[PDB]
file target_32.pdb (PDB, N, CA and C atoms)
ATOM      1  N   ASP U 398       0.554  13.151  -0.390
ATOM      2  CA  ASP U 398      -0.688  13.199  -1.152
ATOM      3  C   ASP U 398      -1.324  11.809  -1.140
ATOM      4  N   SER U 399      -2.630  11.692  -0.906
ATOM      5  CA  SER U 399      -3.329  10.397  -0.824
ATOM      6  C   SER U 399      -4.642  10.404  -1.599
ATOM      7  N   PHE U 400      -4.871   9.378  -2.425
ATOM      8  CA  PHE U 400      -6.092   9.232  -3.222
ATOM      9  C   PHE U 400      -6.271   7.824  -3.824
ATOM     10  N   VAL U 401      -7.475   7.521  -4.319
ATOM     11  CA  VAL U 401      -7.821   6.284  -5.047
ATOM     12  C   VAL U 401      -8.034   6.554  -6.526
ATOM     13  N   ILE U 402      -7.551   5.638  -7.361
ATOM     14  CA  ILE U 402      -7.788   5.591  -8.807
ATOM     15  C   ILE U 402      -7.934   4.144  -9.284
ATOM     16  N   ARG U 403      -8.495   3.941 -10.474
ATOM     17  CA  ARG U 403      -8.489   2.633 -11.139
ATOM     18  C   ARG U 403      -7.055   2.241 -11.521
ATOM     19  N   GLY U 404      -6.664   0.991 -11.279
ATOM     20  CA  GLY U 404      -5.260   0.557 -11.265
ATOM     21  C   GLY U 404      -4.441   0.874 -12.519
ATOM     22  N   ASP U 405      -5.005   0.680 -13.708
ATOM     23  CA  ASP U 405      -4.315   0.993 -14.966
ATOM     24  C   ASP U 405      -3.945   2.475 -15.127
ATOM     25  N   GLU U 406      -4.618   3.387 -14.424
ATOM     26  CA  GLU U 406      -4.310   4.822 -14.470
ATOM     27  C   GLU U 406      -3.099   5.214 -13.605
ATOM     28  N   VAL U 407      -2.565   4.322 -12.754
ATOM     29  CA  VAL U 407      -1.315   4.566 -11.996
ATOM     30  C   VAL U 407      -0.165   4.913 -12.942
ATOM     31  N   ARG U 408      -0.188   4.348 -14.153
ATOM     32  CA  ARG U 408       0.676   4.685 -15.293
ATOM     33  C   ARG U 408       0.816   6.188 -15.545
ATOM     34  N   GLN U 409      -0.235   6.971 -15.306
ATOM     35  CA  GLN U 409      -0.218   8.413 -15.549
ATOM     36  C   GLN U 409       0.538   9.196 -14.462
ATOM     37  N   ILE U 410       0.723   8.638 -13.261
ATOM     38  CA  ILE U 410       1.359   9.333 -12.132
ATOM     39  C   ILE U 410       2.889   9.277 -12.270
ATOM     40  N   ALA U 411       3.424  10.124 -13.143
ATOM     41  CA  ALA U 411       4.852  10.391 -13.259
ATOM     42  C   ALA U 411       5.087  11.825 -13.766
ATOM     43  N   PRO U 412       6.221  12.469 -13.441
ATOM     44  CA  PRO U 412       6.644  13.681 -14.136
ATOM     45  C   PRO U 412       6.651  13.444 -15.652
ATOM     46  N   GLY U 413       6.136  14.400 -16.424
ATOM     47  CA  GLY U 413       6.012  14.302 -17.882
ATOM     48  C   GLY U 413       4.911  13.378 -18.429
ATOM     49  N   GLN U 414       4.222  12.569 -17.616
ATOM     50  CA  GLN U 414       3.053  11.803 -18.077
ATOM     51  C   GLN U 414       1.754  12.624 -18.035
ATOM     52  N   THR U 415       0.725  12.124 -18.720
ATOM     53  CA  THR U 415      -0.476  12.879 -19.125
ATOM     54  C   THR U 415      -1.663  11.952 -19.417
ATOM     55  N   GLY U 416      -2.857  12.534 -19.544
ATOM     56  CA  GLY U 416      -4.131  11.824 -19.693
ATOM     57  C   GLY U 416      -5.155  12.313 -18.667
ATOM     58  N   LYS U 417      -6.356  11.733 -18.625
ATOM     59  CA  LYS U 417      -7.446  12.277 -17.796
ATOM     60  C   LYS U 417      -7.150  12.341 -16.296
ATOM     61  N   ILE U 418      -6.337  11.453 -15.727
ATOM     62  CA  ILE U 418      -5.880  11.626 -14.341
ATOM     63  C   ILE U 418      -4.789  12.698 -14.295
ATOM     64  N   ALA U 419      -3.701  12.531 -15.046
ATOM     65  CA  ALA U 419      -2.521  13.387 -14.907
ATOM     66  C   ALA U 419      -2.680  14.835 -15.408
ATOM     67  N   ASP U 420      -3.669  15.116 -16.253
ATOM     68  CA  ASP U 420      -4.034  16.464 -16.697
ATOM     69  C   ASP U 420      -5.321  16.934 -16.001
ATOM     70  N   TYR U 421      -6.418  16.198 -16.185
ATOM     71  CA  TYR U 421      -7.761  16.670 -15.833
ATOM     72  C   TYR U 421      -8.101  16.518 -14.332
ATOM     73  N   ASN U 422      -7.227  15.908 -13.510
ATOM     74  CA  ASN U 422      -7.484  15.673 -12.081
ATOM     75  C   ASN U 422      -6.298  15.955 -11.130
ATOM     76  N   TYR U 423      -5.091  15.430 -11.373
ATOM     77  CA  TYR U 423      -3.926  15.554 -10.473
ATOM     78  C   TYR U 423      -2.606  15.566 -11.255
ATOM     79  N   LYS U 424      -1.861  16.677 -11.226
ATOM     80  CA  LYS U 424      -0.635  16.867 -12.019
ATOM     81  C   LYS U 424       0.592  16.942 -11.122
ATOM     82  N   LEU U 425       1.595  16.097 -11.365
ATOM     83  CA  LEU U 425       2.916  16.215 -10.732
ATOM     84  C   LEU U 425       3.764  17.345 -11.336
ATOM     85  N   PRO U 426       4.685  17.954 -10.572
ATOM     86  CA  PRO U 426       5.768  18.747 -11.138
ATOM     87  C   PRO U 426       6.624  17.908 -12.083
ATOM     88  N   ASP U 427       7.102  18.474 -13.187
ATOM     89  CA  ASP U 427       7.963  17.733 -14.126
ATOM     90  C   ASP U 427       9.427  17.606 -13.662
ATOM     91  N   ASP U 428       9.760  18.181 -12.507
ATOM     92  CA  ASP U 428      10.985  17.928 -11.742
ATOM     93  C   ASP U 428      10.677  17.324 -10.355
ATOM     94  N   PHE U 429       9.560  16.597 -10.232
ATOM     95  CA  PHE U 429       9.128  15.974  -8.984
ATOM     96  C   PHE U 429      10.242  15.170  -8.308
ATOM     97  N   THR U 430      10.334  15.298  -6.983
ATOM     98  CA  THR U 430      11.353  14.656  -6.144
ATOM     99  C   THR U 430      10.673  14.018  -4.941
ATOM    100  N   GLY U 431      10.560  12.697  -4.943
ATOM    101  CA  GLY U 431       9.600  12.013  -4.087
ATOM    102  C   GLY U 431       9.378  10.563  -4.486
ATOM    103  N   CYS U 432       8.463   9.873  -3.813
ATOM    104  CA  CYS U 432       8.143   8.477  -4.094
ATOM    105  C   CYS U 432       6.652   8.283  -4.336
ATOM    106  N   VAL U 433       6.308   7.569  -5.405
ATOM    107  CA  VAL U 433       4.941   7.150  -5.711
ATOM    108  C   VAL U 433       4.776   5.718  -5.242
ATOM    109  N   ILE U 434       3.812   5.491  -4.364
ATOM    110  CA  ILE U 434       3.574   4.216  -3.701
ATOM    111  C   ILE U 434       2.142   3.797  -4.003
ATOM    112  N   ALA U 435       1.902   2.652  -4.639
ATOM    113  CA  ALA U 435       0.541   2.266  -5.012
ATOM    114  C   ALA U 435       0.305   0.765  -4.909
ATOM    115  N   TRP U 436      -0.937   0.381  -4.622
ATOM    116  CA  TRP U 436      -1.331  -1.017  -4.477
ATOM    117  C   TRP U 436      -2.803  -1.269  -4.794
ATOM    118  N   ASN U 437      -3.097  -2.490  -5.233
ATOM    119  CA  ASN U 437      -4.457  -2.953  -5.451
ATOM    120  C   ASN U 437      -5.229  -2.984  -4.121
ATOM    121  N   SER U 438      -6.421  -2.389  -4.082
ATOM    122  CA  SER U 438      -7.281  -2.317  -2.892
ATOM    123  C   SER U 438      -8.676  -2.911  -3.128
ATOM    124  N   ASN U 439      -8.822  -3.782  -4.133
ATOM    125  CA  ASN U 439     -10.085  -4.409  -4.537
ATOM    126  C   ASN U 439     -10.872  -5.031  -3.374
ATOM    127  N   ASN U 440     -10.180  -5.671  -2.432
ATOM    128  CA  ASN U 440     -10.780  -6.309  -1.259
ATOM    129  C   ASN U 440     -11.532  -5.329  -0.338
ATOM    130  N   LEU U 441     -11.133  -4.055  -0.338
ATOM    131  CA  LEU U 441     -11.634  -3.018   0.560
ATOM    132  C   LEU U 441     -12.529  -2.009  -0.170
ATOM    133  N   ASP U 442     -12.113  -1.565  -1.358
ATOM    134  CA  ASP U 442     -12.750  -0.466  -2.090
ATOM    135  C   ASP U 442     -13.808  -0.900  -3.120
ATOM    136  N   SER U 443     -13.853  -2.167  -3.547
ATOM    137  CA  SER U 443     -14.935  -2.684  -4.411
ATOM    138  C   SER U 443     -16.153  -3.162  -3.614
ATOM    139  N   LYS U 444     -17.331  -3.213  -4.255
ATOM    140  CA  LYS U 444     -18.584  -3.739  -3.669
ATOM    141  C   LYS U 444     -19.387  -4.612  -4.644
TER     142      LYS U 444
ATOM    143  N   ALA J 348      -7.248  -8.805 -37.752
ATOM    144  CA  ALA J 348      -6.541  -9.792 -38.568
ATOM    145  C   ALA J 348      -5.621 -10.721 -37.762
ATOM    146  N   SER J 349      -5.281 -11.865 -38.354
ATOM    147  CA  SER J 349      -4.147 -12.680 -37.907
ATOM    148  C   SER J 349      -2.815 -12.003 -38.236
ATOM    149  N   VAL J 350      -1.859 -12.048 -37.308
ATOM    150  CA  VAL J 350      -0.593 -11.306 -37.419
ATOM    151  C   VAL J 350       0.327 -11.776 -38.556
ATOM    152  N   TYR J 351       0.138 -12.964 -39.141
ATOM    153  CA  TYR J 351       0.873 -13.313 -40.370
ATOM    154  C   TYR J 351       0.512 -12.400 -41.560
ATOM    155  N   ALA J 352      -0.698 -11.834 -41.546
ATOM    156  CA  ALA J 352      -1.290 -11.042 -42.619
ATOM    157  C   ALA J 352      -2.146  -9.903 -42.038
ATOM    158  N   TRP J 353      -1.535  -9.085 -41.180
ATOM    159  CA  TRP J 353      -2.166  -7.949 -40.500
ATOM    160  C   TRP J 353      -2.930  -7.009 -41.444
ATOM    161  N   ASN J 354      -3.979  -6.368 -40.928
ATOM    162  CA  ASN J 354      -4.649  -5.271 -41.620
ATOM    163  C   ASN J 354      -3.687  -4.092 -41.765
ATOM    164  N   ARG J 355      -3.878  -3.271 -42.799
ATOM    165  CA  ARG J 355      -3.206  -1.975 -42.947
ATOM    166  C   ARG J 355      -4.116  -0.983 -43.656
ATOM    167  N   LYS J 356      -4.488   0.087 -42.955
ATOM    168  CA  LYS J 356      -5.320   1.173 -43.476
ATOM    169  C   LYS J 356      -4.521   2.471 -43.541
ATOM    170  N   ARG J 357      -4.390   3.048 -44.735
ATOM    171  CA  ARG J 357      -3.949   4.439 -44.905
ATOM    172  C   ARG J 357      -5.019   5.364 -44.333
ATOM    173  N   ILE J 358      -4.593   6.285 -43.485
ATOM    174  CA  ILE J 358      -5.361   7.422 -42.995
ATOM    175  C   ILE J 358      -4.786   8.665 -43.675
ATOM    176  N   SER J 359      -5.655   9.477 -44.268
ATOM    177  CA  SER J 359      -5.275  10.651 -45.059
ATOM    178  C   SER J 359      -6.448  11.626 -45.203
ATOM    179  N   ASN J 360      -6.159  12.866 -45.598
ATOM    180  CA  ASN J 360      -7.156  13.885 -45.960
ATOM    181  C   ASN J 360      -8.226  14.144 -44.874
ATOM    182  N   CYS J 361      -7.828  14.187 -43.600
ATOM    183  CA  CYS J 361      -8.753  14.222 -42.466
ATOM    184  C   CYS J 361      -8.142  14.838 -41.193
ATOM    185  N   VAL J 362      -9.007  15.169 -40.237
ATOM    186  CA  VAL J 362      -8.681  15.740 -38.930
ATOM    187  C   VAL J 362      -8.737  14.638 -37.870
ATOM    188  N   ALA J 363      -7.641  14.483 -37.138
ATOM    189  CA  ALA J 363      -7.435  13.462 -36.124
ATOM    190  C   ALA J 363      -7.891  13.915 -34.727
ATOM    191  N   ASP J 364      -7.944  12.976 -33.783
ATOM    192  CA  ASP J 364      -8.213  13.252 -32.369
ATOM    193  C   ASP J 364      -7.398  12.298 -31.484
ATOM    194  N   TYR J 365      -6.072  12.395 -31.585
ATOM    195  CA  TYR J 365      -5.173  11.613 -30.736
ATOM    196  C   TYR J 365      -5.416  11.884 -29.253
ATOM    197  N   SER J 366      -5.878  13.084 -28.903
ATOM    198  CA  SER J 366      -6.424  13.395 -27.588
ATOM    199  C   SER J 366      -7.509  12.410 -27.137
ATOM    200  N   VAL J 367      -8.586  12.166 -27.889
ATOM    201  CA  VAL J 367      -9.630  11.242 -27.406
ATOM    202  C   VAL J 367      -9.139   9.795 -27.336
ATOM    203  N   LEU J 368      -8.242   9.381 -28.236
ATOM    204  CA  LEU J 368      -7.615   8.061 -28.155
ATOM    205  C   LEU J 368      -6.739   7.923 -26.905
ATOM    206  N   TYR J 369      -5.823   8.862 -26.667
ATOM    207  CA  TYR J 369      -4.919   8.847 -25.513
ATOM    208  C   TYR J 369      -5.667   8.949 -24.174
ATOM    209  N   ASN J 370      -6.835   9.600 -24.160
ATOM    210  CA  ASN J 370      -7.720   9.662 -22.997
ATOM    211  C   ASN J 370      -8.722   8.493 -22.893
ATOM    212  N   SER J 371      -8.787   7.572 -23.858
ATOM    213  CA  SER J 371      -9.642   6.383 -23.745
ATOM    214  C   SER J 371      -9.058   5.375 -22.746
ATOM    215  N   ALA J 372      -9.853   4.963 -21.753
ATOM    216  CA  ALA J 372      -9.453   3.986 -20.731
ATOM    217  C   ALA J 372      -9.344   2.540 -21.260
ATOM    218  N   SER J 373      -9.723   2.311 -22.519
ATOM    219  CA  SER J 373      -9.607   1.028 -23.217
ATOM    220  C   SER J 373      -8.184   0.462 -23.208
ATOM    221  N   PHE J 374      -7.154   1.306 -23.306
ATOM    222  CA  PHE J 374      -5.817   0.848 -23.683
ATOM    223  C   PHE J 374      -4.937   0.464 -22.490
ATOM    224  N   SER J 375      -4.416  -0.763 -22.537
ATOM    225  CA  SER J 375      -3.459  -1.323 -21.574
ATOM    226  C   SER J 375      -2.046  -0.758 -21.774
ATOM    227  N   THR J 376      -1.704  -0.382 -23.010
ATOM    228  CA  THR J 376      -0.455   0.304 -23.368
ATOM    229  C   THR J 376      -0.684   1.241 -24.555
ATOM    230  N   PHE J 377       0.090   2.326 -24.614
ATOM    231  CA  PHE J 377      -0.025   3.423 -25.583
ATOM    232  C   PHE J 377       1.377   3.944 -25.973
ATOM    233  N   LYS J 378       2.399   3.083 -25.890
ATOM    234  CA  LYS J 378       3.817   3.456 -25.976
ATOM    235  C   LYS J 378       4.151   4.075 -27.336
ATOM    236  N   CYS J 379       4.799   5.237 -27.329
ATOM    237  CA  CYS J 379       5.164   5.972 -28.540
ATOM    238  C   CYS J 379       6.680   6.157 -28.667
ATOM    239  N   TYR J 380       7.161   6.124 -29.904
ATOM    240  CA  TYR J 380       8.560   6.054 -30.301
ATOM    241  C   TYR J 380       8.838   7.175 -31.297
ATOM    242  N   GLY J 381       9.864   7.989 -31.058
ATOM    243  CA  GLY J 381      10.142   9.188 -31.862
ATOM    244  C   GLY J 381       9.101  10.314 -31.749
ATOM    245  N   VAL J 382       7.981  10.096 -31.057
ATOM    246  CA  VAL J 382       6.900  11.057 -30.775
ATOM    247  C   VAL J 382       6.358  10.829 -29.363
ATOM    248  N   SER J 383       5.860  11.881 -28.713
ATOM    249  CA  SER J 383       5.147  11.791 -27.426
ATOM    250  C   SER J 383       3.646  11.985 -27.651
ATOM    251  N   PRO J 384       2.763  11.185 -27.024
ATOM    252  CA  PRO J 384       1.347  11.093 -27.403
ATOM    253  C   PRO J 384       0.576  12.419 -27.294
ATOM    254  N   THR J 385       1.019  13.317 -26.417
ATOM    255  CA  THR J 385       0.512  14.689 -26.270
ATOM    256  C   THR J 385       0.732  15.542 -27.518
ATOM    257  N   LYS J 386       1.960  15.542 -28.043
ATOM    258  CA  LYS J 386       2.400  16.410 -29.141
ATOM    259  C   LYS J 386       1.731  16.091 -30.476
ATOM    260  N   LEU J 387       1.193  14.881 -30.638
ATOM    261  CA  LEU J 387       0.449  14.448 -31.830
ATOM    262  C   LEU J 387      -0.709  15.388 -32.208
ATOM    263  N   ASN J 388      -1.230  16.160 -31.252
ATOM    264  CA  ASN J 388      -2.332  17.094 -31.477
ATOM    265  C   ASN J 388      -1.896  18.444 -32.088
ATOM    266  N   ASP J 389      -0.591  18.729 -32.125
ATOM    267  CA  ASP J 389       0.011  20.025 -32.493
ATOM    268  C   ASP J 389       0.992  19.876 -33.678
ATOM    269  N   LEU J 390       1.736  18.769 -33.689
ATOM    270  CA  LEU J 390       2.440  18.196 -34.837
ATOM    271  C   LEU J 390       1.447  17.692 -35.904
ATOM    272  N   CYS J 391       1.807  17.639 -37.197
ATOM    273  CA  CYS J 391       1.022  16.857 -38.162
ATOM    274  C   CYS J 391       1.743  16.331 -39.421
ATOM    275  N   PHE J 392       1.047  15.472 -40.181
ATOM    276  CA  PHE J 392       1.639  14.406 -40.997
ATOM    277  C   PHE J 392       1.122  14.381 -42.435
ATOM    278  N   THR J 393       1.956  13.933 -43.369
ATOM    279  CA  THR J 393       1.564  13.757 -44.779
ATOM    280  C   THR J 393       0.580  12.606 -44.946
ATOM    281  N   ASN J 394       0.823  11.487 -44.268
ATOM    282  CA  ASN J 394      -0.074  10.348 -44.121
ATOM    283  C   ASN J 394       0.174   9.673 -42.771
ATOM    284  N   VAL J 395      -0.784   8.863 -42.340
ATOM    285  CA  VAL J 395      -0.636   7.948 -41.210
ATOM    286  C   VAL J 395      -1.080   6.573 -41.671
ATOM    287  N   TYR J 396      -0.384   5.521 -41.270
ATOM    288  CA  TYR J 396      -0.752   4.153 -41.616
ATOM    289  C   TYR J 396      -1.049   3.390 -40.338
ATOM    290  N   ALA J 397      -2.267   2.871 -40.213
ATOM    291  CA  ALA J 397      -2.664   2.036 -39.093
ATOM    292  C   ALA J 397      -2.543   0.555 -39.470
TER     293      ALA J 397
END
call {"tool": "encode", "arguments": {"input": "target_32.pdb", "output": "structure tokens"}}
result
Amino acid sequence: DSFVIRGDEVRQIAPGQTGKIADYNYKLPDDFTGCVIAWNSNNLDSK
Amino acid sequence: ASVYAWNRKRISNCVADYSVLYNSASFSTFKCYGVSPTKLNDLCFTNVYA
């Protein structure tokens, strides 16, 4: 799965976490088995 | 307030919206202890102290 979010919202990307990203946009399984990989992209994605 | 003499407000006799607080992008941390921030909307309390 691949997407962009504002950096402080990476906090929501876990099994059992919640909020406007993790509920209203993209929800993990609460038994998710996998790796979450994230990085700051300000140099490329900001204008 | 200064932390030597912090503010304290009793919240009582009212309807809460922990949903709009937990969904506010303002907060750098929202860590909860003995409660999960979701369940606050379905659970309820005799008083709350901020």
call {"tool": "residues_around", "arguments": {"input": "target_32.pdb", "residues": "stretch 414-424 of chain U", "least_positions_apart": "3", "cutoff": "9 Å", "atoms": "only C-alpha atoms", "output": "list in words"}}
result
residues 402, 406, 407, 408, 409, 410, 411 and 427 of chain U; 366, 369, 370, 371, 384 and 385 of chain J
call {"tool": "write_last_selection", "arguments": {"input": "target_32.pdb", "atoms": "N, CA and C atoms", "output": "mmCIF file, in the frame of the given file"}}
result
data_model
loop_
_atom_site.group_PDB
_atom_site.id
_atom_site.type_symbol
_atom_site.label_atom_id
_atom_site.label_comp_id
_atom_site.auth_asym_id
_atom_site.auth_seq_id
_atom_site.Cartn_x
_atom_site.Cartn_y
_atom_site.Cartn_z
ATOM 1 N N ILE U 402 -7.551 5.638 -7.361
ATOM 2 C CA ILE U 402 -7.788 5.591 -8.807
ATOM 3 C C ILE U 402 -7.934 4.144 -9.284
ATOM 4 N N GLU U 406 -4.618 3.387 -14.424
ATOM 5 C CA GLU U 406 -4.310 4.822 -14.470
ATOM 6 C C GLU U 406 -3.099 5.214 -13.605
ATOM 7 N N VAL U 407 -2.565 4.322 -12.754
ATOM 8 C CA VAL U 407 -1.315 4.566 -11.996
ATOM 9 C C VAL U 407 -0.165 4.913 -12.942
ATOM 10 N N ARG U 408 -0.188 4.348 -14.153
ATOM 11 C CA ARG U 408 0.676 4.685 -15.293
ATOM 12 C C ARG U 408 0.816 6.188 -15.545
ATOM 13 N N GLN U 409 -0.235 6.971 -15.306
ATOM 14 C CA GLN U 409 -0.218 8.413 -15.549
ATOM 15 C C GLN U 409 0.538 9.196 -14.462
ATOM 16 N N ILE U 410 0.723 8.638 -13.261
ATOM 17 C CA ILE U 410 1.359 9.333 -12.132
ATOM 18 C C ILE U 410 2.889 9.277 -12.270
ATOM 19 N N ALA U 411 3.424 10.124 -13.143
ATOM 20 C CA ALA U 411 4.852 10.391 -13.259
ATOM 21 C C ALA U 411 5.087 11.825 -13.766
ATOM 22 N N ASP U 427 7.102 18.474 -13.187
ATOM 23 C CA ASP U 427 7.963 17.733 -14.126
ATOM 24 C C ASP U 427 9.427 17.606 -13.662
ATOM 25 N N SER J 366 -5.878 13.084 -28.903
ATOM 26 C CA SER J 366 -6.424 13.395 -27.588
ATOM 27 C C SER J 366 -7.509 12.410 -27.137
ATOM 28 N N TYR J 369 -5.823 8.862 -26.667
ATOM 29 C CA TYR J 369 -4.919 8.847 -25.513
ATOM 30 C C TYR J 369 -5.667 8.949 -24.174
ATOM 31 N N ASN J 370 -6.835 9.600 -24.160
ATOM 32 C CA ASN J 370 -7.720 9.662 -22.997
ATOM 33 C C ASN J 370 -8.722 8.493 -22.893
ATOM 34 N N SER J 371 -8.787 7.572 -23.858
ATOM 35 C CA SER J 371 -9.642 6.383 -23.745
ATOM 36 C C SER J 371 -9.058 5.375 -22.746
ATOM 37 N N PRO J 384 2.763 11.185 -27.024
ATOM 38 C CA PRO J 384 1.347 11.093 -27.403
ATOM 39 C C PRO J 384 0.576 12.419 -27.294
ATOM 40 N N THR J 385 1.019 13.317 -26.417
ATOM 41 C CA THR J 385 0.512 14.689 -26.270
ATOM 42 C C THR J 385 0.732 15.542 -27.518
#
call {"tool": "atom_distance", "arguments": {"input": "target_32.pdb", "atom1": "atom CA of residue J:350", "atom2": "atom C of residue J:387"}}
result
27.2 Å
call {"tool": "residues_around", "arguments": {"input": "target_32.pdb", "residues": "residue J:397", "least_positions_apart": "4", "cutoff": "8 Å", "atoms": "all atoms listed in the file", "output": "list in words"}}
result
residues 353, 354, 355, 356, 357 and 358 of chain J
call {"tool": "write_last_selection", "arguments": {"input": "target_32.pdb", "atoms": "N, CA and C atoms", "output": "PDB file, in the frame of the given file"}}
result
ATOM      1  N   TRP J 353      -1.535  -9.085 -41.180  1.00  0.00           N
ATOM      2  CA  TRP J 353      -2.166  -7.949 -40.500  1.00  0.00           C
ATOM      3  C   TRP J 353      -2.930  -7.009 -41.444  1.00  0.00           C
ATOM      4  N   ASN J 354      -3.979  -6.368 -40.928  1.00  0.00           N
ATOM      5  CA  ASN J 354      -4.649  -5.271 -41.620  1.00  0.00           C
ATOM      6  C   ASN J 354      -3.687  -4.092 -41.765  1.00  0.00           C
ATOM      7  N   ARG J 355      -3.878  -3.271 -42.799  1.00  0.00           N
ATOM      8  CA  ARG J 355      -3.206  -1.975 -42.947  1.00  0.00           C
ATOM      9  C   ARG J 355      -4.116  -0.983 -43.656  1.00  0.00           C
ATOM     10  N   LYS J 356      -4.488   0.087 -42.955  1.00  0.00           N
ATOM     11  CA  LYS J 356      -5.320   1.173 -43.476  1.00  0.00           C
ATOM     12  C   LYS J 356      -4.521   2.471 -43.541  1.00  0.00           C
ATOM     13  N   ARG J 357      -4.390   3.048 -44.735  1.00  0.00           N
ATOM     14  CA  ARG J 357      -3.949   4.439 -44.905  1.00  0.00           C
ATOM     15  C   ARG J 357      -5.019   5.364 -44.333  1.00  0.00           C
ATOM     16  N   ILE J 358      -4.593   6.285 -43.485  1.00  0.00           N
ATOM     17  CA  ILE J 358      -5.361   7.422 -42.995  1.00  0.00           C
ATOM     18  C   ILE J 358      -4.786   8.665 -43.675  1.00  0.00           C
TER      19      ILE J 358
END
call {"tool": "closest_residue", "arguments": {"input": "target_32.pdb", "among": "J:380, J:374, J:392, J:351", "to": "chain U", "atoms": "only N, CA and C atoms"}}
result
J:374
call {"tool": "atom_distance", "arguments": {"input": "target_32.pdb", "atom1": "atom CA of residue J:373", "atom2": "atom CA of residue U:398"}}
result
26.7 Å
call {"tool": "closest_residue", "arguments": {"input": "target_32.pdb", "among": "J:361, J:390, J:352, J:372", "to": "chain U", "atoms": "only N, CA and C atoms"}}
result
J:372
call {"tool": "closest_residue", "arguments": {"input": "target_32.pdb", "among": "U:405, U:412, U:438, U:425", "to": "chain J", "atoms": "only C-alpha atoms"}}
result
U:405
call {"tool": "atom_distance", "arguments": {"input": "target_32.pdb", "atom1": "atom N of residue J:378", "atom2": "atom N of residue J:363"}}
result
18.9 Å
call {"tool": "resolve_selection", "arguments": {"input": "target_32.pdb", "expression": "the PyMOL selection byres (((chain U and resi 442 and name CA) around 12) and name CA)", "output": "list in words"}}
result
residues 400, 401, 402, 403, 404, 436, 437, 438, 439, 440, 441, 443 and 444 of chain U
call {"tool": "select_by_dssp", "arguments": {"input": "target_32.pdb", "residues": "chain U", "states": "helix (DSSP H, G or I)", "output": "number ranges by chain"}}
result
U: 404-409, 439-442
call {"tool": "write_last_selection", "arguments": {"input": "target_32.pdb", "atoms": "N, CA and C atoms", "output": "PDB file, keeping the file's coordinate frame"}}
result
ATOM      1  N   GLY U 404      -6.664   0.991 -11.279  1.00  0.00           N
ATOM      2  CA  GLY U 404      -5.260   0.557 -11.265  1.00  0.00           C
ATOM      3  C   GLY U 404      -4.441   0.874 -12.519  1.00  0.00           C
ATOM      4  N   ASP U 405      -5.005   0.680 -13.708  1.00  0.00           N
ATOM      5  CA  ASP U 405      -4.315   0.993 -14.966  1.00  0.00           C
ATOM      6  C   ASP U 405      -3.945   2.475 -15.127  1.00  0.00           C
ATOM      7  N   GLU U 406      -4.618   3.387 -14.424  1.00  0.00           N
ATOM      8  CA  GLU U 406      -4.310   4.822 -14.470  1.00  0.00           C
ATOM      9  C   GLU U 406      -3.099   5.214 -13.605  1.00  0.00           C
ATOM     10  N   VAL U 407      -2.565   4.322 -12.754  1.00  0.00           N
ATOM     11  CA  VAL U 407      -1.315   4.566 -11.996  1.00  0.00           C
ATOM     12  C   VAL U 407      -0.165   4.913 -12.942  1.00  0.00           C
ATOM     13  N   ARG U 408      -0.188   4.348 -14.153  1.00  0.00           N
ATOM     14  CA  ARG U 408       0.676   4.685 -15.293  1.00  0.00           C
ATOM     15  C   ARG U 408       0.816   6.188 -15.545  1.00  0.00           C
ATOM     16  N   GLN U 409      -0.235   6.971 -15.306  1.00  0.00           N
ATOM     17  CA  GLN U 409      -0.218   8.413 -15.549  1.00  0.00           C
ATOM     18  C   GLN U 409       0.538   9.196 -14.462  1.00  0.00           C
ATOM     19  N   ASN U 439      -8.822  -3.782  -4.133  1.00  0.00           N
ATOM     20  CA  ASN U 439     -10.085  -4.409  -4.537  1.00  0.00           C
ATOM     21  C   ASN U 439     -10.872  -5.031  -3.374  1.00  0.00           C
ATOM     22  N   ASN U 440     -10.180  -5.671  -2.432  1.00  0.00           N
ATOM     23  CA  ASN U 440     -10.780  -6.309  -1.259  1.00  0.00           C
ATOM     24  C   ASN U 440     -11.532  -5.329  -0.338  1.00  0.00           C
ATOM     25  N   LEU U 441     -11.133  -4.055  -0.338  1.00  0.00           N
ATOM     26  CA  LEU U 441     -11.634  -3.018   0.560  1.00  0.00           C
ATOM     27  C   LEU U 441     -12.529  -2.009  -0.170  1.00  0.00           C
ATOM     28  N   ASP U 442     -12.113  -1.565  -1.358  1.00  0.00           N
ATOM     29  CA  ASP U 442     -12.750  -0.466  -2.090  1.00  0.00           C
ATOM     30  C   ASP U 442     -13.808  -0.900  -3.120  1.00  0.00           C
TER      31      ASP U 442
END
call {"tool": "closest_residue", "arguments": {"input": "target_32.pdb", "among": "J:388, J:360, J:376, J:394", "to": "chain U", "atoms": "only C-alpha atoms"}}
result
J:376
call {"tool": "build_atoms", "arguments": {"input": "target_32.pdb", "residues": "stretch 404-408 of chain U", "atoms": "N, CA, C and O atoms", "output": "PDB file, in the frame of the given file"}}
result
ATOM      1  N   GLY U 404      -6.664   0.991 -11.279  1.00  0.00           N
ATOM      2  CA  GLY U 404      -5.260   0.557 -11.265  1.00  0.00           C
ATOM      3  C   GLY U 404      -4.441   0.874 -12.519  1.00  0.00           C
ATOM      4  O   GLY U 404      -3.318   1.362 -12.419  1.00  0.00           O
ATOM      5  N   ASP U 405      -5.005   0.680 -13.708  1.00  0.00           N
ATOM      6  CA  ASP U 405      -4.315   0.993 -14.966  1.00  0.00           C
ATOM      7  C   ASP U 405      -3.945   2.475 -15.127  1.00  0.00           C
ATOM      8  O   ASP U 405      -3.022   2.801 -15.870  1.00  0.00           O
ATOM      9  N   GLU U 406      -4.618   3.387 -14.424  1.00  0.00           N
ATOM     10  CA  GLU U 406      -4.310   4.822 -14.470  1.00  0.00           C
ATOM     11  C   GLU U 406      -3.099   5.214 -13.605  1.00  0.00           C
ATOM     12  O   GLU U 406      -2.581   6.318 -13.772  1.00  0.00           O
ATOM     13  N   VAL U 407      -2.565   4.322 -12.754  1.00  0.00           N
ATOM     14  CA  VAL U 407      -1.315   4.566 -11.996  1.00  0.00           C
ATOM     15  C   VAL U 407      -0.165   4.913 -12.942  1.00  0.00           C
ATOM     16  O   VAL U 407       0.660   5.770 -12.633  1.00  0.00           O
ATOM     17  N   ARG U 408      -0.188   4.348 -14.153  1.00  0.00           N
ATOM     18  CA  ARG U 408       0.676   4.685 -15.293  1.00  0.00           C
ATOM     19  C   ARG U 408       0.816   6.188 -15.545  1.00  0.00           C
ATOM     20  O   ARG U 408       1.880   6.639 -15.963  1.00  0.00           O
TER      21      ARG U 408
END
